[PDB]
Each structure stands twice: as structure tokens, then as C-alpha cells.
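Everything below concerns the one structure shown next.
Every number in this text was worked out from the coordinates using simple rules, so none of it is lab data. Please note: Cβ atoms are built from the backbone with ideal geometry, for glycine as well, and neighbour counts cover all protein chains shown.
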Amino acid sequence: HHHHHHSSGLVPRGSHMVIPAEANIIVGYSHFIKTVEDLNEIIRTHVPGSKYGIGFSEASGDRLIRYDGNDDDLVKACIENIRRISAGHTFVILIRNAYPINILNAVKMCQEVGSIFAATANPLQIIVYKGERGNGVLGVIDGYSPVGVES
Ligand code: NA
């Protein structure tokens, strides 16, 4: 027996992500991860020298938004983004002052323990579906639609 509420379904206005100036964001789905420390560690060697924040949506147990980082503004943005999405096992990473290869490697490392929804510096909107127990991430709007074809 399952419970249905008419309030469930695609959330009309996608959730806009808070991306502080010059920050790069990574939004993904964790695989069998129970703590944000796993993410904090797997990307630790790639974020040295840079400022970063990590947010993780614990999907059971305490069901708390978990976080780590070395920059208050980035950490707060990650927490807010996780709150807006409100979907179990979602993780959000924000990195600033990092070279291109470090950002790319951070993403590759996340792919070892999860799936990627977004990885960009562009304005970003997360399309979410509101279900019974919580939400689910259906996709993202990364930047804009094309305006033409290159010559
Ligand atoms: Na999808």
C-alpha cells in the first residue's frame, strides 16, 4: 500500500542553484555513500590551495544535510542548494580559485562514487520531482539553449 498526494509531481519552477561569483558547481547522486566524509576525502587532493564547500543530503537515519569545506560562503551555498533540491543522496560541491584540471579531476573522482547531474560554472537550474518521502532529481538546465550554428 502506497500513499499519494496531489502535491506530488514535477515542480513547476526548477530549483535555481546558488553559485557564488567565480565558483564552479558539481551536483550529483551518491552511490551507497552514508557520509559526506567520503566525498570530502576523495576530492581532498584535488582541492588543495583552493576554496571549496560540500553539501550532502543524508537519505535515511538522521536525514540531515551534511557538509564540509574551508570557505564559509561556499559551505553555506552548498547547504542552501541541498535544501532547495531536497532529494535523498544528492551532493553539491562548490569550488573557487582552482585550476581547470583540478576541477575536472574532482568530477572524475565523484564519478567513482556517484553519478553527475551537473558540472558547470553557468547559471544552473535543477529539475526536481516531488514524491512521497522526498524529491528526486530529473535533470538540469545548464546555461542556455543555442542561438545558431557555427560557420
Ligand atoms: Na533524468
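With respect to (1) without any contact (Cβ under 8 Å) to a residue 40 or more places away in the chain; (2) away from the ligand (no atom under 16 Å from the Cβ), the lone exception for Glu112 is condition (1). Residues in the stretch 93-117 that are in a strand (DSSP E or B) and farther than 16 Å from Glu22 by Cα: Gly114, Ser115, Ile116, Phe117.
Residue count for the stretch 115-151 satisfying the condition of being within 12 Å of the ligand (Cβ to nearest atom), over 20 Å from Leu10 (Cα atoms) and free of Cβ contacts under 8 Å to residues at least 40 places away in the same chain: 0.
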